[PDB]
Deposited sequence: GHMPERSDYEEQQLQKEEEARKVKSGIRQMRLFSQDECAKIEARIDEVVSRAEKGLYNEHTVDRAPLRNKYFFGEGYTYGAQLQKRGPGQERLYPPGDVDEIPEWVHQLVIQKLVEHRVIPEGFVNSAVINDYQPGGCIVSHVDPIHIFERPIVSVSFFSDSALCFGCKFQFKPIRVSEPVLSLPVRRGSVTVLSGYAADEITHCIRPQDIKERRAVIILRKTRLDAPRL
C-alpha cells in the first residue's frame, strides 16, 4: 500500500516536466492581458462558446473549445474565438524558443481564472479531444496541482493525493505519458488562497468528435 503509492508517484513524475520560464515582468505583462480577456468577456464581446462561467472558476476557450459521461465534443469551426495575438507573442513563442513544444503544435489555448477558494475536480484532459503533451503556464499566485484525486470523493479511505506538484507563478508544466493518461489531476480549494490564473496550451486531435 505504501510501496504502491511510491511506485505510482514515480510513474507520475516520469510524465511531468517543469521549468521557470517567465520573469516577474513577463508575468506582469501577461497578467495585464488576462485581465483584458476578463474585461472583454464581461462586455459581451466574445462568441457564445468562448466563455464558460462557473462559481469560483471561469474558463475562456480560444482556437478550440469543448463541452453523457466522457462524451465531450468540439464546437463547430468558428464557434470559439481565435487564439489572441498576445498568446502567440508572449506565451507560445517563449515555449517554442525554449524547445518545450514545436512550432505549429498549439491550436487550443484555454485560460482558467480562479477566485480564492476556487478549484477543479478530478479529471483527465479528454483523451479523444487532445493530443499530448499538455502544457500549462501559471500566473497571479503560486498553487499546487494534485494527481490521484480519489481523496476528493473518499476522504475517510484516502486523505491525500498520490502527488502534489507545486505550480509557481511563471512556471511551465508539461504533462505526458502516465501523468496525462493514467491518473487524474485536480486542484484543492485550500491551495488557491488568492486569485490564480492558468493558460493551458494544447493540440486537438484530428478525429476529435465534433458537434
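Participant: Would you list the gaps, meaning deposited-sequence stretches without C-alpha coordinates, in the order they occur?
Facilitator: No C-alpha for residues 1-11, 79-86.
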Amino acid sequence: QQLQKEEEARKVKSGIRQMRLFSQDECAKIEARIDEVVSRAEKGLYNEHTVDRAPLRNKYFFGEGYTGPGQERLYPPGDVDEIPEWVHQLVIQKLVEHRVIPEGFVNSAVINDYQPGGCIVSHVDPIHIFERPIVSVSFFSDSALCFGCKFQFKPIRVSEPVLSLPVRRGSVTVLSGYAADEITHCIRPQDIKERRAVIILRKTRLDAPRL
From here on, numbers count along this sequence of modelled residues.
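By rigid core we mean the largest C-alpha set that fits within 1.5 Å across both forms.
Participant: Following superposition on the rigid core, is the mean squared CA displacement, expressed as RMS, greater for 36-44 or for 148-156 in 8 other deposited structures of this protein?
Facilitator: When 36-44 and 148-156 are compared in 8 other deposited structures of this protein, the bigger C-alpha shift is seen for 148-156.
Participant: Do you reckon 53-61 or 157-165 strays further from the shown form in 8 other deposited structures of this protein, measuring C-alpha RMS after a core fit?
Facilitator: Between 53-61 and 157-165, greater C-alpha deviation in 8 other deposited structures of this protein belongs to 157-165.
Participant: Looking at the other compared entries that model residues on both sides of it, is residue 177 unmodelled in at least a third of them?
Facilitator: Residue 177: modelled in all of the comparison entries.
Participant: Is it the case that, in at least a third of the other entries compared (those modelling both flanking residues), residue 70 has no coordinates?
Facilitator: No, residue 70 is modelled in every other compared entry.
Participant: Taking the mean of the C-alpha B-factors per stretch from the entry, tell me the winner out of 132-140 and 77-85.
Facilitator: Stretch with the greater average CA B-factor: 77-85.
Participant: Quick check: 15-23 versus 183-191, which has the larger average CA B-factor in the record?
Facilitator: Of 15-23 and 183-191, the stretch with the higher C-alpha B-factor average is 15-23.
Participant: Identify, among 145, 41, 158, 172, the residue whose C-alpha carries the highest B-factor in the deposited PDB entry.
Facilitator: Highest C-alpha B-factor among the listed residues goes to 158.
Participant: I'd like to know which of 109, 127, 119, 101 has the highest C-alpha temperature factor in the PDB entry.
Facilitator: Max CA B-factor in the entry, restricted to 109, 127, 119, 101: 101.
Participant: Rank-wise, by C-alpha B-factor, drop residue 67 into the lowest, middle or highest third of its chain.
Facilitator: Tercile = highest for this residue's CA B-factor.
Participant: Please place residue 59 in the lowest, middle or highest third of its chain by C-alpha B factor as given in the entry.
Facilitator: Tercile = lowest for this residue's CA B-factor.
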